[PDB]
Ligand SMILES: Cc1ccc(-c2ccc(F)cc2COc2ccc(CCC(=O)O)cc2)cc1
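Heads up, the chain below is alone and in the form deposited without the named molecule; it's given as C-alpha cells.
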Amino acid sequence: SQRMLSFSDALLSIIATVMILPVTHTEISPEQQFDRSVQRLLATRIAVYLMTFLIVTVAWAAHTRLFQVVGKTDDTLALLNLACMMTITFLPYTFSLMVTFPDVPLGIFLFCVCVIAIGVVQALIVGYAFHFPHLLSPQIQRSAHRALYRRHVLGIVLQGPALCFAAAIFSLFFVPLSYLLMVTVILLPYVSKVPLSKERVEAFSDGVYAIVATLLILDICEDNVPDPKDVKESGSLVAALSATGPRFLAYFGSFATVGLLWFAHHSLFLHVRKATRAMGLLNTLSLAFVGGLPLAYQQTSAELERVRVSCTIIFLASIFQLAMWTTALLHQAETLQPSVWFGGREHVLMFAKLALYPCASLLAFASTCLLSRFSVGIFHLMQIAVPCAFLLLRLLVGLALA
C-alpha cells in the first residue's frame, strides 16, 4: 500500500535533481578567455537548478500530502499515480523553457499546462477515492465524517491549476508581467491558511543524496575511460589514466562529503519521531544545497577564491541540517526522542555530529586569515576521519567537564 509511494519519491528525487546535470557538465575549464559569459551562464544554470528543485519539491510535497488522505490504494489508483508522476516529470523541462523564453507566452502556457495536468490527475485521484470511501480513505476520520473533506481537498489540490490558468490566460490575451500568479501557486500552501510524513521525507532525502553522491561518477565512467587512442597522445595506460586524476579526486571528495552529510542527516532522522513543518521546509533547502555540492568539489579539485565558494556551499548544505535539528527548542517533546533532548543521553553527540560540517566550513572559510589556501584537503580528511573516532571524543569532554 506504500511501495508505490516509495517508487514515487524515488522517481521525484531524480526529477528534482535532474537540473544539477547542466551545472556539473558546463565547461569547467576556462581555457578560452571568456570567463564572464561562462560565469553568467553558470549562475543562470544554478538559479534554474534551485528553482526547479524547489518547484519539484513543492509538487512532491503536494503529491505526498494528497496520498496522506488516501490510505489504501487500488490498481486504478496506481495507474493514476503513474499518470500523475509522468505529468510532474515534465516540470523541469517546461520550467527551463519558460525561463529561457520569458516574453514568449508559449513557455508560460506550456508550464501551466504542465501544472494543471498534474492538478487534474490529482483531482481525479480524489474524485475516485471519495467515490469509493469505505475502502480507500485513510482511517475512521477521513472516511467517517461529514465528508466535506471532499470539497476541502478538492479546493486545496485544484487551486494551483486554477490559479495559474489565470496566468496562462494573462500571458497572451493581456500583458504578461503577471509572473506572480505562479509564485502564489507556489506560496499559497504556505501562507494562505495562516506536516510531511517522516518516512516520505526520509525517502526523498535518501534519493537526492544517492543521486548527488554518485553524480560525479555517473560521468567519470561514461566520458573518462581512456579510449585506445592514447597511443597517439606512447602507450602507458597508467599515464593516460593519471590525467583524469583531478576528476577522481573530485569524485572521492564529493562522495565522502555527501556520505558524511547523509550520515548526519540519517542520525538526525533516526531520532526525530514526528517531523514538523519547519523541519521539512529546512530539509528541502538542505537538499537543494547538497545537490549543489558536487559543483563545489569539482571546482575546488580543478586557488583560494574557489575554495571560498566550496566552503560556503558545504556550510549552507550543513547549516540547514543544523537549523532543522535546532528547530526543537519548543518541540523537543513532540518531535525528538528522549535520547537526544536537552541534557539527553546522546544530545552532545547529535549536536556535534550535526555541527561538525558547518564548524569545519567556518574553520576553512577562516583560511582568509592566512595564506595556506589548500588547507581544505587536510580539513576534509579530518572531517571524514572524525565520526569514526568521534563517539569517544565526546565522552572525553563530557567526563572532563567535571
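So that the term is clear: the rigid core is the largest set of C-alpha atoms that superpose within 1.5 Å between two forms. Numbering starts at 1 and runs along the sequence shown.
- Of the other compared PDB entries of this protein that include residues on both sides, at least a third leave residue 187 without atoms.
- Where the other entries of this protein model the residues before and after it, residue 229 is kept in all of them rather than dropped from a third.
- Counting the unmodelled positions of the deposited sequence between residue 302 and residue 303 gives a gap of 4 to 9 residues.
- The entry shows a gap from residue 194 to residue 195, with 10 or more unmodelled residues of the deposited sequence in between.
The same protein has a further form, the form deposited with the named molecule bound, not shown here; the description that follows concerns it.
- Judged by the 2.4 Å clash test against backbone and C-beta atoms, the pocket of this chain is open once the named molecule is superposed from its pose in the bound PDB entry, as not a single ligand atom violates the cut-off.
- Only one segment in the set 324-332, 303-311, 151-159, 272-280 has residues whose heavy atoms sit within 4.5 Å of the named molecule in the bound PDB entry; it is 151-159.
- None of the heavy atoms of residue 268 is located within 4.5 Å of the named molecule in the bound PDB entry.
- Among heavy atoms of residue 110, none comes within 4.5 Å of the named molecule in the bound PDB entry.
- Under a 4.5 angstroms non-hydrogen atom cutoff, the named molecule in the bound PDB entry has residue 124 among its neighbouring residues.
- Put simply, residue 316 is far from the named molecule in the bound PDB entry: not one heavy atom of it is within 4.5 Å.
- The partner is absent here; in the bound PDB entry, the one residue of 120, 186, 136, 97 having a heavy atom within 4.5 Å of the named molecule is 120.
- Considering 176, 161, 71, 207, one residue stands apart with a C-alpha shift of at least 2 Å between the shown form and the other one following superposition on the core, and it is 176.
- After superposition on the rigid core, the Cα of residue 374 moves by 2 Å or more between the shown form and the other one.
- The rigid-core alignment places the CA of residue 22 less than 2 Å apart between the shown form and the other one.
- Remark: with the core as the superposition reference, the CA shift of residue 384 between the shown form and the other one reaches 2 Å or more.
- CA of residue 42 to CA of residue 374: farther apart by 3 Å or more in the bound PDB entry than in the shown form.
- Compared with the form shown here, the Cα atoms of residue 69 and residue 140 move at least 3 Å closer together in the bound PDB entry.
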